[PDB]
Every structure is written in structure tokens, then in C-alpha cells.
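Consider the single chain below, provided in C-alpha cells and representing the form deposited in one PDB entry.
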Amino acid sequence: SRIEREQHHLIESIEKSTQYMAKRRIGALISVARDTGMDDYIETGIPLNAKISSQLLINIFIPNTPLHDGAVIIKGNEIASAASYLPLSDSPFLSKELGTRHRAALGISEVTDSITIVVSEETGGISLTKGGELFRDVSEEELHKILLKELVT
């Protein structure tokens, strides 16, 4: 179909699912592939090759469920995999109060041009990684403008 419609639907799906999980302190880790490949990391997860929806993203990350423990990787117009491994950053600049999801999101951002979104299960804050930088606890307006700029081409 039309690319721009899928991209805006992707953005709305992330905004809606992360708002839902943030409110309930459900951790999440969602990495959006771009030009650089996430293919090897997709292979580490459970293959879904599913249509993107906020409902599916929420169901994946329910705690103590088969699909929740690891990253979701979106590729093109599909949720490609759940429970994928991402490389963990060894950076000592990452705050010690952040968890493995953040360290994983930082690590993939150091070696891909992917955009990765984290929901902390400790605080509910939403964070974002790109190019080896972390944007910690962004507002809904900040998240919206970042995703517009980064995911709509």
C-alpha cells in the first residue's frame, strides 16, 4: 500500500501502546529497523511477521508471557519478531539506575541506525535511543515529534 500511511500508522501504534504500558509500568523494548539491517537480531527472536497494531504490541509485552522477554523488532510494515536479543552497550555513561532494556536499546543504537523505544517498568518513563544517544523520559509531545521526524520519510 502507500508508504506514508503505514509510517503514520506505525507512529500511532507506538504512541498508543507505549502510553498504555507506561501507565501500567509494563516494560517494553521496540526497535524500528531502517537502512541498516536488523536481520540478524530478528533471527534471534520468535518470528511473527505480523501486521503492526497497538493491540499486538501491548499483548506482546504483558509480563510473564512467552513473547515478552526481549525486544520487538519492526521491519518495514511488519512486527518481524518478539523476544529478540539486542547487543548490550558497555558504556559507563549510561546511568546505573536504568535497566537491561535501556542498555539493550543503547547497544543496538551504537551499531545500527535503528530507532528504539523503551518503557521503564520501574518508572513508566518512555525513553528513546539513536546513534548511541539516549533521550530519557520524553514527554508525549517530544516522543511524537521525534517519531515524526525519524520514521516519516
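Sequential numbering from 1, following the sequence displayed. Each form is matched to the other, and the largest set of C-alpha atoms that superpose within 1.5 Å is called the rigid core.
For the pair 35 to 43 and 103 to 111, rigid core superposition yields a higher RMS C-alpha distance in 7 other deposited structures of this protein in 35 to 43. Mean CA B-factor, 100 to 108 versus 34 to 42: the higher value falls on 34 to 42.
Taking the PDB entry at face value, the top CA B factor among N64, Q55, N49, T116 belongs to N64. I26: CA B factor in the highest third of modelled residues in this chain (values from the PDB entry). Ranked against the other modelled residues of its chain, the C-alpha B-factor of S89 as given in the entry falls in the middle third.
Only in words, not in the display: the form deposited with a small molecule bound, which the text now covers.
Checking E133, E142, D137, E12 for any heavy atom within 4.5 Å of the small molecule in the entry with it bound turns up a single hit: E12. Proximity of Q7, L148 and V152 to the small molecule in the entry with it bound is complete: all three residues have a non-hydrogen atom within 4.5 angstroms.
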